[PDB]
Amino acid sequence: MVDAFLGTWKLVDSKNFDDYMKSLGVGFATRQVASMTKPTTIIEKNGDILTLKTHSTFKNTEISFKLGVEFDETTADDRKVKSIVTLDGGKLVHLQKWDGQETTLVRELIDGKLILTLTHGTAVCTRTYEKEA
Ligand SMILES: CC(C)Cc1ccc([C@@H](C)C(=O)O)cc1
């Protein structure tokens with residue numbers, strides 16, 4: 001159930017993140033900073049409002065949203081996007097759209113770990129998170 005996403009998650013593995021960021025036009029200097037920290041993601045809920053916080057040395061971000069209701073978002077890399085978060089079976093799907101393109105940030109729980117798959121065209125990144133106690 002949706003509740004299994006709630007809590008505090010720490011990055012423990014990454015594949016293809018530099019490649020995903022390059023695919024979004026993030027410059028090398030910014031990619032180096034973004035890749036050299038293990039971020040923390042906090043997923044919270046109050047009524048039908050979900051909040052996702054990312055804490056890192058690169059940027060702190062916070063978004064709030066209702067499932068299935070489009071919202072304006074300014075991403076960590078300063079893209080102004082049109083976003084929506086949905087639940088597709090066990091997948092919490094964050095879609096970002098801008099300028100005729102899109103990216104998805106998909107979260108799934110596998111063996112108690114939070115797997116974040118970031119897709120932008122042929123660039124696919126896997127970020128693996130573990131729950132903090
Ligand atoms: C283009 C990038 C900078 C957008 C971005 C993707 C993933 C994260 C968090 C979840 C992360 O896993 O580091 C933060 C920002």
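Brief remarks on what is shown
- Of all residue pairs spaced 6 or more apart or on separate chains, those with beta-carbon atoms under 9 Å, a first member in the range 34-57 that is closer than 18 Å to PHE71 by Cβ and a second member that is near the ligand (Cβ under 10 Å from one of its atoms) and part of a loop (DSSP other than H, G, I, E, B) are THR54/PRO39; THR54/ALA76.
- Check on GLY27, over 19 Å from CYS125 (Cβ atoms) and exposed (fewer than 13 other Cβ atoms within 10 Å of the Cβ): no
- Of the residues making up the range 7-48, those that are in a loop (DSSP other than H, G, I, E, B) and either touching a helix residue (DSSP H, G or I) at 6+ places or on another chain (Cβ under 9 Å) or not acidic (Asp, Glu) (or both) number 10.
- All of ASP99, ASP78 fail the test of being more than 11 Å from the ligand (Cβ to nearest atom) and at positive phi, apart from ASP99.
- Residue, nearest to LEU11 (Cα to Cα), within the range 40-70, restricted to residues that are over 12 Å from the mean Cα position of the chain (by Cα) and of a type in the set (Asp, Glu): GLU44
- Evaluation of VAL69 against (1) of a type in the set (A, V, I, L, M, F, W, C); (2) surrounded by 13 or more Cβ atoms within 10 Å (Cβ to Cβ); (3) farther than 27 Å from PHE28 by Cβ (one fails), failing number: (2)
- If the condition is being touching a residue at least 60 places away in the same chain (Cβ under 8 Å) and more than 18 Å from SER64 (Cβ to Cβ), then the range 80-115 contributes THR103, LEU109, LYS113, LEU114.
Cβ: placed from backbone, ideal geometry, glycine included. Neighbour counts: every protein chain shown. Read-outs throughout are calculated quantities, based only on the coordinates presented, and are distinct from any laboratory measurement.
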